[PDB]
Structures are given as C-alpha cells and as structure tokens.
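The data below hold one chain only, encoded as structure tokens and taken in the form deposited in one PDB entry.
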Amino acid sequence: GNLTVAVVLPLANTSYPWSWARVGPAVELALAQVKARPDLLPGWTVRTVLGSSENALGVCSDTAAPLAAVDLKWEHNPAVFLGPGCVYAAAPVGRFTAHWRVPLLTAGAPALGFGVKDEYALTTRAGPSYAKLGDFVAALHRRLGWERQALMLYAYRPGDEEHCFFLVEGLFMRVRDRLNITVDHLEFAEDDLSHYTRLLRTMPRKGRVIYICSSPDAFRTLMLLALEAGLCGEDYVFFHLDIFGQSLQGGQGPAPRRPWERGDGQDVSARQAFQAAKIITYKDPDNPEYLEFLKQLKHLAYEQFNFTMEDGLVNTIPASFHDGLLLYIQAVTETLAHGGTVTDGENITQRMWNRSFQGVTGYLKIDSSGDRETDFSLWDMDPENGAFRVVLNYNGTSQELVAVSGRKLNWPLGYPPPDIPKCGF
C-alpha cells in the first residue's frame, strides 16, 4: 500500500532548529534508508505531504498550524503526523490528532504541558524535553550534597517565543518532585540593564546556587556585574542553561572555547568573573555514524534547499526527527507483522514507547510515558588556559554522571560551596 506522512513545520523560514529547510533533508535520508533496507515495511511506499505552520509574518502561529493540519487530514488522510516542533502550534495540533486517534511524532514541542498523555494521546517526542533537564539537575545535587535551596532566573525578550519561561518551568516542576529542596522562581527583563541592579540586590538573600536561562550576552553582563558586587566563586555557583550551546560557538567538537571574550577590552575582568560559572548544554553524540550523517545532511541541505547548515548542537533536532521516523517505521512493521494495520494508533504507538532504538544519535530510550531520555553535558573552565570544555556527561537512560577524560570540576575552594551559607540566611 501507500503510507502518507503529514508534515506541519516552517516551510519557508529557515531560522528554527526544526525548520523544514534543515529537517527536510533528514526526512529524505530516512526515507531513502527505508527503501534500501528490505527489512523495513516491505512492499510499501512512504510519501510526505507538506503543510506550513506559520502565518503571513513568517513565524510560528497557533492559529495557522491547526488550519494546515485540518487541511492535510481532510485532503490526504495521513497515517502519522510529523507534527510541529513549536510550543504554541504543537498544543492545538496535538489536541486535534489526539481527537482523531492519529500518532504525532515530534522532536520539538518540549514544553511541560505537552507531556500529559491523558490529554495528548498517541504523541511521541523523539527529541529533547525540558522536564528531563530537571532530572539532570537532581542527579547533580545528589553528587555535590546540595539539599537545601536553589534559585532559578529566566530572562524575557519580546522576540523569542517565550523560551526561558518554558525551560525554567519544566526544570522547576521536575526538580521539585524529586528533591526535598526549596526552589525560587524569578523573572527579569533582558533588554534593560536596570533590572540587573535589582537582580544583584535580591540574589544574595534568596539563593546561593543559581540557574540562569538568559542569552549569552545577558549572562556575560550579569556575571560581570556579579563580580563588581564581590560575588566571588568561593560562595556562589551560576549555571547557565544554554541548551543549544550558543555561547560556545555551537558547543560541537573538541575545541577550546572562551565564552567570556568579546574583544571589548573588558575581558580580563570577564575571565575572572567566569571562574564561578558552569554551562549546561545538550550532549553531542560522539559516534562516527552521527558525523557521517551530518556530513551528508549538510550537502543535501545545500543542494535541495539552497541552505547552508552551520556546525552546532542544533543538528541533533534533525537527527532526532530522522531517528524518530525510523523508530515509527519499525513499530509499524511489527504491527503489520502481527496482523494489524497502519491505522492502529494504539498498537503502533505502544510498540514505540518504553523501548530502546539504535539510531545515528546513539542508543536511545523512549521512556514509558512516551518521551525520550535526554543526555546532558556540563562545561567548566580551565585554571591554566581559561578555556571551557566538557567536564561532565549525563546519561539519562541509566541516569548517571560520568567524568570525561580524567578532568574534574574546578572549584576555587577545591570543593563545591554549600547551598546554604554556614551563618547566613
């Protein structure tokens, strides 16, 4: 027969990690791999039908993605949706597909609300999620004996689609469930530097292990202000939640990175102000298969879409789409092998959840709730060179932290500071 895959992604705005400009080559490579293997959907042809998830301004919209999804459903009758990765379109599209009893694959839509599989039935997230970051932090605290309190700051910009709110919301919700700690939210406006005056006043009393989600330049400015306030590393620890490694030139590959230098003259102070800062990012797959997949993905993207893909940590999202589509194809193959049909949403989807799969991004695990178990990396500075590099790795399947190359976290005192001062608040 013919199996139709319905895609609702940005078709003409090549500025999202899930934009069709960079996800299209991934899906094409996956489908070319399905045809090559006779062990996947024998005697079947997979087809993609495209719908756009953006309004006339060229950005995400929760009012255009549902319309595109409804049009695709009526016209073509797909078997699966390669649904939106965008937090605001993904919600209505997922509600619609849950109503229709159709699976929805996505490597985006990482918000916390999308993981309540009672309202979002049959949806699978093959990419990173924000709640799983809360796991990592927990595994970190147990390691360093921080069991009392924590503070979480997120920045606000008019442009971004409210990214740090969702990131810190997921992190907070999942960390307050697994630890008996007191966690304090806080929001600040990234534009104006007057809020940074209030932030430095209200942070020595409300917390001593801080997690900031602001952008790279905002974080560097805030850290310089903190140094000017005498917030040495002997007391505080600032973790920058930079999931896609934008402050590390993508955070891809073994190279020395200096995220505190801008050639602005004010660098000697910036180096001394990053001695109390660690950076939390997604983890780079470190296998040859991922490198080859990128090598040919960058070529196909240039040829097919006239788009030049830059090296970075945002290619894990196209890789996740590739892996998730292959996993779904395998699940459908098993379903047809056991006397079913491609329209069996429940039997297909429950052969995807709670199992392990081998893809370009390594050996991945889809937990029993339908989301994927994400791995993370912690970057710390070098006392001698002053360059950042990955020091800790976190495997979310086994849920553990590992040192990389016989290099340990660099603390000014030699041990982590207490999350509660000895004679303070």
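The numbering used is simple: start at 1 and walk along the sequence shown.
There is another form of this protein, the form deposited with a partner chain bound, and it is not shown here; the text below is about that form.
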Answer option from 336, 227, 144, 91, heavy atom within 4.5 Å of the partner chain in the deposited bound form: 91
Contact residue in the deposited bound form, chosen from 239, 307, 165, 236 - any heavy atom within 4.5 Å of the partner chain: 165
Heavy atom of residue 355 within 4.5 Å of the partner chain in the deposited bound form: no
Partner contact for residue 232 in the deposited bound form: the partner chain, 4.5 angstroms, heavy atom: no
Partner proximity in the deposited bound form: residue 187 to the partner chain, non-hydrogen atom cutoff 4.5 Å: yes
Residue 169 within 4.5 Å of the partner chain in the deposited bound form, heavy atoms: yes
Listed range touching the partner chain, judged in the deposited bound form by heavy atoms within 4.5 Å, from 110-118, 344-352, 269-277, 308-316: 110-118
Site check 95, 154 and 173: each within 4.5 Å of the partner chain in the deposited bound form by heavy atom: yes
